[PDB]
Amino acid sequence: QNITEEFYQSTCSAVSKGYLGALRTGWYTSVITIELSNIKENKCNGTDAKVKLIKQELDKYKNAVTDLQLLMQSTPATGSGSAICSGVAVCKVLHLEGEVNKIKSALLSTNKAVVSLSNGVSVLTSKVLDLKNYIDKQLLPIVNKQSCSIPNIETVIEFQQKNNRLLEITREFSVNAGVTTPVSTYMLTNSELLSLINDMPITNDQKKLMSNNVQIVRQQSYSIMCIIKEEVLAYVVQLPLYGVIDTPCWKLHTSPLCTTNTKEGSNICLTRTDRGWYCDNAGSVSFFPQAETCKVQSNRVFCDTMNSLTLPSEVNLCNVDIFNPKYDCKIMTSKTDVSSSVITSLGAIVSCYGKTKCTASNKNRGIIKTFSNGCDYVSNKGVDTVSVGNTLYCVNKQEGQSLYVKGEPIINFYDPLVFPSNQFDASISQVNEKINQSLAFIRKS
(Lines of atoms letter the chains of each structure in order from A and count residues from 1; the text may use other names and numbers.)
(Lines give C-alpha, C1' and ligand atoms only; values in the text may rest on other atoms or scores of the structure.)
Protein backbone atom coordinates (compact mmCIF):
# COMPACT_ATOMS: atom_id res chain seq x y z
CA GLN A 1 0.00 0.00 0.00
CA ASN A 2 1.54 3.31 1.15
CA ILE A 3 5.30 3.36 1.65
CA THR A 4 6.25 5.54 4.58
CA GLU A 5 9.54 6.47 6.22
CA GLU A 6 10.69 7.63 9.65
CA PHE A 7 14.02 9.35 10.36
CA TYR A 8 15.28 9.14 13.95
CA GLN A 9 17.45 12.18 14.67
CA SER A 10 18.53 10.61 17.94
CA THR A 11 20.25 7.58 16.33
CA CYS A 12 21.03 8.76 12.77
CA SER A 13 18.89 5.93 11.33
CA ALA A 14 15.75 5.65 9.19
CA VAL A 15 13.04 2.97 8.73
CA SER A 16 11.15 2.55 5.43
CA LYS A 17 7.82 0.71 6.17
CA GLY A 18 4.82 -0.47 4.14
CA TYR A 19 6.45 -3.13 1.96
CA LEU A 20 4.64 -6.44 1.40
CA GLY A 21 7.05 -9.38 1.59
CA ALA A 22 7.20 -12.75 -0.19
CA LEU A 23 9.72 -15.06 1.56
CA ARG A 24 10.88 -18.29 -0.02
CA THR A 25 10.06 -21.26 2.23
CA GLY A 26 9.79 -24.08 -0.30
CA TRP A 27 10.94 -25.33 -3.68
CA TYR A 28 8.86 -26.69 -6.54
CA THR A 29 11.03 -28.94 -8.71
CA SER A 30 10.29 -29.81 -12.33
CA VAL A 31 12.08 -32.05 -14.84
CA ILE A 32 12.99 -30.59 -18.25
CA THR A 33 13.73 -33.13 -21.02
CA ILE A 34 15.18 -32.89 -24.51
CA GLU A 35 14.72 -35.98 -26.72
CA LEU A 36 18.10 -36.63 -28.34
CA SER A 37 19.10 -38.87 -31.23
CA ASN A 38 21.35 -41.80 -30.50
CA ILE A 39 23.33 -41.73 -33.69
CA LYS A 40 26.91 -42.66 -34.43
CA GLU A 41 28.83 -41.16 -37.27
CA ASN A 42 27.34 -42.00 -40.67
CA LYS A 43 29.73 -40.68 -43.29
CA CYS A 44 29.42 -41.22 -47.03
CA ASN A 45 31.06 -39.52 -49.99
CA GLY A 46 29.36 -36.15 -49.90
CA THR A 47 30.46 -32.81 -51.23
CA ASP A 48 27.44 -30.81 -52.34
CA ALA A 49 27.47 -27.72 -50.21
CA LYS A 50 24.13 -28.59 -48.53
CA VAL A 51 25.38 -31.97 -47.33
CA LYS A 52 28.48 -30.33 -45.91
CA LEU A 53 26.39 -27.80 -44.01
CA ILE A 54 24.25 -30.60 -42.59
CA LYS A 55 27.26 -32.69 -41.49
CA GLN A 56 28.90 -29.62 -39.94
CA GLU A 57 25.85 -28.78 -37.86
CA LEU A 58 25.54 -32.48 -37.06
CA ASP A 59 29.09 -32.54 -35.68
CA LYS A 60 28.23 -29.59 -33.48
CA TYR A 61 25.29 -31.67 -32.23
CA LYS A 62 27.49 -34.67 -31.49
CA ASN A 63 30.03 -32.54 -29.63
CA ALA A 64 27.26 -30.95 -27.57
CA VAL A 65 26.11 -34.45 -26.59
CA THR A 66 29.60 -35.65 -25.70
CA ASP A 67 30.26 -32.38 -23.82
CA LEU A 68 27.14 -32.94 -21.75
CA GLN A 69 28.41 -36.45 -21.12
CA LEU A 70 31.76 -35.39 -19.72
CA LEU A 71 29.88 -32.71 -17.72
CA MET A 72 27.66 -35.34 -16.09
CA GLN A 73 30.50 -37.81 -15.48
CA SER A 74 32.11 -35.44 -12.95
CA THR A 75 29.91 -32.68 -11.63
CA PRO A 76 31.77 -30.16 -9.44
CA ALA A 77 30.20 -29.24 -6.09
CA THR A 78 28.85 -25.72 -5.56
CA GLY A 79 28.39 -23.56 -2.42
CA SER A 80 24.62 -23.75 -3.17
CA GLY A 81 24.40 -27.45 -2.32
CA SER A 82 22.55 -26.44 0.86
CA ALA A 83 19.74 -25.01 -1.32
CA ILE A 84 19.36 -27.64 -4.10
CA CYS A 85 18.79 -30.89 -2.23
CA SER A 86 15.21 -30.74 -3.55
CA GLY A 87 16.48 -31.07 -7.13
CA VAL A 88 19.65 -33.05 -6.54
CA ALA A 89 17.43 -35.73 -5.08
CA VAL A 90 15.59 -35.85 -8.39
CA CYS A 91 18.82 -36.20 -10.36
CA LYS A 92 19.64 -39.09 -8.07
CA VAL A 93 16.18 -40.62 -8.70
CA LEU A 94 16.55 -40.32 -12.48
CA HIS A 95 19.81 -42.23 -12.34
CA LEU A 96 17.77 -45.25 -11.24
CA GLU A 97 17.28 -47.93 -13.85
CA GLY A 98 13.94 -47.62 -15.59
CA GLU A 99 13.01 -44.18 -14.28
CA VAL A 100 14.20 -42.22 -17.28
CA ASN A 101 12.16 -44.67 -19.37
CA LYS A 102 9.13 -43.76 -17.27
CA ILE A 103 9.26 -40.07 -18.00
CA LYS A 104 10.11 -40.92 -21.65
CA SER A 105 6.84 -42.88 -21.78
CA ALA A 106 4.72 -40.24 -20.11
CA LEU A 107 5.96 -37.62 -22.60
CA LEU A 108 5.50 -39.98 -25.52
CA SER A 109 2.38 -38.29 -26.97
CA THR A 110 2.24 -34.90 -25.21
CA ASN A 111 4.80 -32.22 -24.20
CA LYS A 112 3.79 -31.93 -20.52
CA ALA A 113 3.03 -34.65 -18.05
CA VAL A 114 2.95 -35.35 -14.33
CA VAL A 115 5.08 -38.34 -13.40
CA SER A 116 5.08 -40.21 -10.10
CA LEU A 117 8.68 -41.18 -9.60
CA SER A 118 9.86 -44.22 -7.65
CA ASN A 119 10.40 -42.03 -4.58
CA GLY A 120 6.87 -40.68 -4.06
CA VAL A 121 7.45 -37.32 -5.77
CA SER A 122 4.71 -36.37 -8.24
CA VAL A 123 6.93 -34.08 -10.35
CA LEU A 124 5.93 -32.17 -13.47
CA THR A 125 8.00 -33.04 -16.57
CA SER A 126 8.23 -31.24 -19.91
CA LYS A 127 9.67 -32.06 -23.34
CA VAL A 128 10.88 -28.69 -24.61
CA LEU A 129 12.80 -29.89 -27.69
CA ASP A 130 12.38 -33.01 -29.81
CA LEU A 131 15.62 -33.77 -31.58
CA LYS A 132 15.26 -37.55 -31.78
CA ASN A 133 12.18 -37.17 -33.97
CA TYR A 134 13.77 -34.44 -36.07
CA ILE A 135 17.16 -36.03 -36.56
CA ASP A 136 15.79 -39.52 -37.21
CA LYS A 137 13.02 -38.29 -39.56
CA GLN A 138 14.59 -35.38 -41.49
CA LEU A 139 18.37 -35.99 -41.29
CA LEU A 140 19.12 -39.74 -41.17
CA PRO A 141 17.73 -40.45 -44.69
CA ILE A 142 20.36 -37.89 -45.77
CA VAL A 143 23.37 -39.57 -44.19
CA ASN A 144 22.70 -43.28 -43.79
CA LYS A 145 22.95 -44.61 -47.36
CA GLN A 146 25.79 -45.63 -49.65
CA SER A 147 25.77 -42.06 -50.97
CA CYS A 148 24.18 -39.27 -48.92
CA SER A 149 20.79 -37.87 -49.94
CA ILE A 150 20.48 -34.14 -50.79
CA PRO A 151 18.54 -32.00 -48.26
CA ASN A 152 16.67 -28.88 -49.25
CA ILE A 153 18.03 -25.54 -48.00
CA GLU A 154 15.06 -25.00 -45.64
CA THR A 155 16.12 -28.09 -43.68
CA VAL A 156 19.67 -26.79 -43.28
CA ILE A 157 18.30 -23.58 -41.77
CA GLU A 158 15.70 -25.33 -39.62
CA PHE A 159 18.33 -27.64 -38.22
CA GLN A 160 20.62 -24.80 -37.25
CA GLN A 161 17.61 -23.22 -35.49
CA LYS A 162 16.61 -26.36 -33.59
CA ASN A 163 20.15 -27.33 -32.67
CA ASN A 164 20.83 -23.78 -31.38
CA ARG A 165 18.96 -24.18 -28.06
CA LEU A 166 20.90 -27.37 -27.37
CA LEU A 167 24.21 -25.68 -28.02
CA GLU A 168 23.39 -22.71 -25.77
CA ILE A 169 22.21 -24.95 -22.95
CA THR A 170 25.44 -26.85 -23.26
CA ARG A 171 27.34 -23.54 -22.95
CA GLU A 172 25.56 -22.46 -19.76
CA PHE A 173 25.71 -25.89 -18.18
CA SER A 174 29.38 -26.25 -19.12
CA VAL A 175 30.83 -23.02 -17.70
CA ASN A 176 28.84 -23.26 -14.45
CA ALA A 177 29.55 -26.89 -13.64
CA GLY A 178 25.90 -27.91 -14.06
CA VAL A 179 24.24 -25.37 -11.70
CA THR A 180 22.98 -22.08 -13.16
CA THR A 181 21.02 -19.25 -11.52
CA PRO A 182 19.22 -17.24 -12.65
CA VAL A 183 17.46 -19.58 -15.07
CA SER A 184 17.89 -18.19 -18.59
CA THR A 185 15.30 -18.30 -21.36
CA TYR A 186 17.47 -21.07 -22.93
CA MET A 187 16.94 -23.25 -19.88
CA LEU A 188 13.28 -22.29 -19.81
CA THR A 189 11.47 -19.97 -22.20
CA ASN A 190 9.24 -17.32 -20.68
CA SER A 191 6.35 -19.10 -22.33
CA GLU A 192 7.44 -22.35 -20.70
CA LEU A 193 7.97 -20.67 -17.33
CA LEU A 194 4.54 -19.00 -17.33
CA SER A 195 2.90 -22.28 -18.40
CA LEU A 196 4.79 -24.03 -15.61
CA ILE A 197 3.48 -21.44 -13.15
CA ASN A 198 -0.14 -22.12 -14.23
CA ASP A 199 0.33 -25.82 -13.59
CA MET A 200 1.79 -25.23 -10.12
CA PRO A 201 -0.23 -26.24 -6.98
CA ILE A 202 -0.74 -22.66 -5.77
CA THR A 203 -3.51 -20.11 -5.41
CA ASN A 204 -4.59 -18.01 -8.36
CA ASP A 205 -3.35 -14.85 -6.62
CA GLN A 206 0.00 -16.55 -6.08
CA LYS A 207 0.21 -17.62 -9.70
CA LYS A 208 -0.58 -14.03 -10.61
CA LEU A 209 2.26 -12.93 -8.31
CA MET A 210 4.93 -15.11 -9.83
CA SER A 211 3.63 -14.41 -13.35
CA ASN A 212 3.87 -10.68 -12.75
CA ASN A 213 7.38 -11.04 -11.31
CA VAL A 214 8.95 -13.60 -13.60
CA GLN A 215 12.41 -12.00 -13.60
CA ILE A 216 12.58 -12.09 -9.83
CA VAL A 217 11.38 -15.70 -10.00
CA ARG A 218 14.22 -16.49 -12.47
CA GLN A 219 16.83 -14.84 -10.26
CA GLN A 220 15.64 -16.99 -7.34
CA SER A 221 15.53 -20.27 -9.30
CA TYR A 222 18.06 -22.96 -10.09
CA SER A 223 18.81 -25.12 -13.11
CA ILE A 224 20.64 -28.34 -12.18
CA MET A 225 22.13 -30.74 -14.71
CA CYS A 226 21.03 -34.37 -14.18
CA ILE A 227 21.79 -36.97 -16.79
CA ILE A 228 22.09 -37.54 -20.52
CA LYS A 229 20.99 -41.14 -20.99
CA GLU A 230 19.08 -43.27 -23.48
CA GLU A 231 18.28 -40.47 -25.96
CA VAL A 232 17.18 -38.22 -23.09
CA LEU A 233 18.70 -35.00 -21.79
CA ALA A 234 17.30 -34.31 -18.34
CA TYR A 235 17.85 -31.40 -15.98
CA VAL A 236 15.97 -30.08 -12.94
CA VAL A 237 14.51 -26.60 -12.63
CA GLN A 238 13.96 -25.61 -9.00
CA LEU A 239 11.42 -22.74 -8.69
CA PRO A 240 10.72 -20.81 -5.46
CA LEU A 241 7.65 -21.44 -3.26
CA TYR A 242 6.86 -18.38 -1.20
CA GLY A 243 5.37 -19.82 2.01
CA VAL A 244 5.19 -16.28 3.42
CA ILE A 245 2.99 -13.90 1.48
CA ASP A 246 2.08 -10.26 2.07
CA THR A 247 4.01 -10.13 5.25
CA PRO A 248 4.97 -6.66 6.57
CA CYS A 249 8.57 -5.75 5.77
CA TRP A 250 10.74 -2.73 6.49
CA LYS A 251 14.23 -1.52 5.60
CA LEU A 252 16.57 -0.10 8.26
CA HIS A 253 19.11 2.55 7.07
CA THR A 254 21.98 3.60 9.37
CA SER A 255 24.61 6.35 9.24
CA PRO A 256 27.45 7.45 11.60
CA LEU A 257 26.39 9.72 14.48
CA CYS A 258 29.37 11.72 15.72
CA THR A 259 29.90 14.66 17.99
CA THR A 260 30.71 17.94 16.27
CA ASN A 261 33.62 19.37 18.20
CA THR A 262 35.95 21.78 16.44
CA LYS A 263 39.10 20.02 17.60
CA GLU A 264 39.79 16.82 15.70
CA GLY A 265 40.61 13.88 17.93
CA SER A 266 38.01 14.89 20.50
CA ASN A 267 35.06 13.44 18.70
CA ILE A 268 33.36 10.12 19.18
CA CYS A 269 31.13 8.28 16.75
CA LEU A 270 28.42 5.69 16.90
CA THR A 271 26.48 3.75 14.26
CA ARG A 272 23.55 1.40 14.66
CA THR A 273 24.24 -2.02 13.33
CA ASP A 274 22.18 -4.48 11.33
CA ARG A 275 20.99 -2.31 8.50
CA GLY A 276 18.94 -4.06 5.87
CA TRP A 277 15.59 -5.78 5.30
CA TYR A 278 13.32 -7.05 8.11
CA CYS A 279 10.12 -9.07 7.62
CA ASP A 280 7.55 -10.38 10.06
CA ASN A 281 7.81 -14.13 9.85
CA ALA A 282 6.02 -16.80 11.90
CA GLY A 283 5.98 -14.97 15.21
CA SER A 284 9.62 -13.78 14.85
CA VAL A 285 11.47 -11.35 12.53
CA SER A 286 13.53 -12.58 9.54
CA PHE A 287 16.54 -10.30 9.04
CA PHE A 288 18.45 -10.19 5.73
CA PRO A 289 21.93 -8.62 6.10
CA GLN A 290 23.13 -9.20 2.51
CA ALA A 291 21.78 -6.72 -0.04
CA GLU A 292 21.22 -9.11 -2.95
CA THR A 293 19.07 -11.48 -0.91
CA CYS A 294 15.94 -9.31 -1.35
CA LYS A 295 14.69 -8.19 -4.75
CA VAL A 296 12.37 -5.13 -4.63
CA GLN A 297 9.49 -4.14 -6.96
CA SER A 298 7.48 -1.04 -5.94
CA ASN A 299 5.90 -1.81 -2.47
CA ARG A 300 6.83 -5.58 -2.78
CA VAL A 301 9.93 -7.45 -1.53
CA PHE A 302 11.04 -10.97 -2.50
CA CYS A 303 13.50 -12.50 -0.06
CA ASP A 304 15.18 -15.87 0.34
CA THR A 305 15.18 -17.17 3.88
CA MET A 306 18.34 -19.12 3.05
CA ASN A 307 20.57 -16.19 4.03
CA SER A 308 18.59 -14.71 6.92
CA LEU A 309 18.77 -14.63 10.67
CA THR A 310 15.78 -15.14 12.95
CA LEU A 311 15.42 -12.43 15.58
CA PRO A 312 12.81 -11.77 18.24
CA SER A 313 10.15 -9.27 17.25
CA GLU A 314 11.42 -7.02 19.99
CA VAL A 315 14.24 -6.14 17.61
CA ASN A 316 11.88 -3.53 16.24
CA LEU A 317 12.08 -1.65 19.45
CA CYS A 318 15.54 -0.41 18.50
CA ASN A 319 13.67 1.89 16.12
CA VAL A 320 11.40 3.48 18.74
CA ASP A 321 13.52 3.34 21.99
CA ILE A 322 17.13 2.24 21.58
CA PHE A 323 17.75 2.39 25.39
CA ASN A 324 14.90 -0.10 25.86
CA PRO A 325 15.65 -3.19 27.98
CA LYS A 326 13.40 -5.61 26.14
CA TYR A 327 16.03 -5.81 23.35
CA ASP A 328 19.81 -5.30 23.52
CA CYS A 329 20.24 -2.73 20.69
CA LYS A 330 23.78 -2.99 19.32
CA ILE A 331 26.01 -0.27 17.89
CA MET A 332 29.55 0.08 16.60
CA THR A 333 31.82 2.86 17.81
CA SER A 334 34.77 4.73 16.42
CA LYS A 335 36.41 8.11 16.14
CA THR A 336 36.06 8.23 12.33
CA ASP A 337 33.90 11.29 11.54
CA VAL A 338 34.06 11.04 7.75
CA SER A 339 31.16 12.53 5.89
CA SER A 340 28.73 10.29 4.01
CA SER A 341 25.15 10.04 2.87
CA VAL A 342 22.67 7.20 2.58
CA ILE A 343 19.90 7.29 -0.01
CA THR A 344 16.79 5.84 1.68
CA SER A 345 13.42 4.88 0.11
CA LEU A 346 11.87 8.35 0.48
CA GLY A 347 14.81 10.68 1.19
CA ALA A 348 18.42 10.84 2.35
CA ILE A 349 20.36 10.71 5.61
CA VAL A 350 23.37 12.99 5.62
CA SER A 351 26.24 12.65 8.10
CA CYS A 352 28.26 15.86 7.67
CA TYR A 353 31.43 16.40 9.68
CA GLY A 354 34.47 18.63 9.53
CA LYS A 355 34.73 21.02 6.56
CA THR A 356 32.58 18.95 4.29
CA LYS A 357 30.19 20.81 2.02
CA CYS A 358 26.84 19.01 2.38
CA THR A 359 23.73 20.18 0.54
CA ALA A 360 20.38 19.15 -0.94
CA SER A 361 19.24 20.55 -4.28
CA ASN A 362 16.24 20.81 -6.54
CA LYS A 363 16.83 20.47 -10.26
CA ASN A 364 15.45 23.90 -11.11
CA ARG A 365 16.04 25.85 -7.92
CA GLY A 366 19.55 24.75 -7.10
CA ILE A 367 20.67 24.38 -3.50
CA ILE A 368 17.62 24.36 -1.19
CA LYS A 369 19.23 23.06 1.99
CA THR A 370 22.66 23.28 3.56
CA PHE A 371 23.38 20.74 6.25
CA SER A 372 25.31 21.77 9.28
CA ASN A 373 27.64 19.44 11.16
CA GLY A 374 25.92 16.34 12.55
CA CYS A 375 23.47 13.78 11.23
CA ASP A 376 20.40 15.10 9.48
CA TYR A 377 17.77 14.09 6.94
CA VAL A 378 15.80 15.43 4.01
CA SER A 379 12.65 14.02 2.33
CA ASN A 380 12.32 13.51 -1.41
CA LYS A 381 9.48 16.10 -1.52
CA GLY A 382 11.10 18.89 -3.54
CA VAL A 383 14.63 17.40 -3.41
CA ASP A 384 16.25 15.80 -6.46
CA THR A 385 19.90 15.44 -5.45
CA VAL A 386 22.12 15.46 -2.36
CA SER A 387 25.83 16.43 -2.52
CA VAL A 388 28.38 15.41 0.13
CA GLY A 389 31.88 16.64 -0.70
CA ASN A 390 32.60 15.83 -4.34
CA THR A 391 29.85 13.16 -4.50
CA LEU A 392 26.33 13.69 -5.88
CA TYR A 393 23.61 11.15 -5.03
CA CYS A 394 20.18 10.87 -6.63
CA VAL A 395 17.16 10.77 -4.36
CA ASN A 396 14.48 8.17 -5.15
CA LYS A 397 11.37 10.04 -6.44
CA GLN A 398 8.96 7.36 -5.21
CA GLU A 399 5.78 8.60 -3.54
CA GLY A 400 5.33 8.19 0.18
CA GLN A 401 5.20 10.13 3.40
CA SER A 402 8.28 10.94 5.48
CA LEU A 403 8.25 11.70 9.19
CA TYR A 404 11.12 13.52 10.85
CA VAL A 405 11.25 12.23 14.45
CA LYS A 406 13.13 14.89 16.39
CA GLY A 407 15.32 13.80 19.25
CA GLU A 408 18.62 14.48 21.00
CA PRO A 409 21.60 12.70 19.40
CA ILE A 410 22.44 9.90 21.83
CA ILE A 411 26.14 10.40 21.16
CA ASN A 412 25.85 13.49 23.40
CA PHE A 413 25.02 11.36 26.47
CA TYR A 414 28.55 9.95 26.57
CA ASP A 415 31.60 11.36 28.29
CA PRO A 416 34.27 11.35 25.54
CA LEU A 417 37.18 10.43 27.79
CA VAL A 418 35.67 7.09 28.90
CA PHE A 419 33.82 6.29 25.65
CA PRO A 420 34.69 2.87 24.22
CA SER A 421 35.72 3.87 20.67
CA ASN A 422 36.67 0.46 19.41
CA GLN A 423 33.55 -1.69 19.29
CA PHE A 424 32.23 -3.62 16.26
CA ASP A 425 29.31 -5.80 17.58
CA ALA A 426 28.74 -4.13 20.94
CA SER A 427 25.49 -3.55 22.86
CA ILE A 428 24.12 -0.29 24.26
CA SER A 429 24.18 -1.99 27.67
CA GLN A 430 27.60 -3.45 26.75
CA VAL A 431 29.00 0.07 26.34
CA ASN A 432 27.30 1.23 29.52
CA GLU A 433 28.91 -1.68 31.44
CA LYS A 434 32.34 -0.88 29.97
CA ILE A 435 31.79 2.74 31.03
CA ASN A 436 30.94 1.64 34.56
CA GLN A 437 34.19 -0.37 34.59
CA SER A 438 36.39 2.36 33.11
CA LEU A 439 34.90 4.89 35.50
CA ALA A 440 35.58 2.51 38.38
CA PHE A 441 39.30 2.20 37.56
CA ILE A 442 39.74 6.01 37.82
CA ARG A 443 37.06 6.83 40.42
CA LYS A 444 38.58 4.71 43.20
CA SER A 445 42.04 6.21 42.59
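Note that residue numbering follows the sequence shown and begins at 1.
Mean C-alpha B factor from the entry: is it higher for 324-332 or for 278-286?
-> Going by the record's values, the stretch with the higher mean is 324-332.
Output the stretch having the higher mean C-alpha B factor in the entry; the candidates are 421-429 and 10-18.
-> The stretch with the larger average C-alpha B-factor is 421-429.
Criterion, highest CA B-factor; candidates, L241, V93, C303, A348 | Checking the PDB record, the top C-alpha B-factor among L241, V93, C303, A348 is at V93.
Most elevated Cα B-factor in the entry, residues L317, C358, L309, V88 | Answer, based on the entry's C-alpha B-factors: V88.
What third of its chain, lowest, middle or highest, does the C-alpha temperature factor of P182 fall into?
-> Ranked within chain, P182 CA B lands in the middle tercile.
Should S387 be placed in the lowest, middle or highest third of its chain by the C-alpha B factor in the entry?
-> As the PDB entry reports it, the C-alpha B-factor of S387 lands in the lowest third of its chain.
What third of the chain, by the recorded C-alpha B-factor, contains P151?
-> Middle third by C-alpha B-factor.
Would you please rank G407 by its C-alpha temperature factor against the other modelled residues of its chain and give the third it falls in: lowest, middle or highest?
-> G407: CA B-factor falls in the lowest third of its chain.
B-factor third for the C-alpha atom of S313 within its chain | Lowest third, going by the recorded CA B-factors of the chain.
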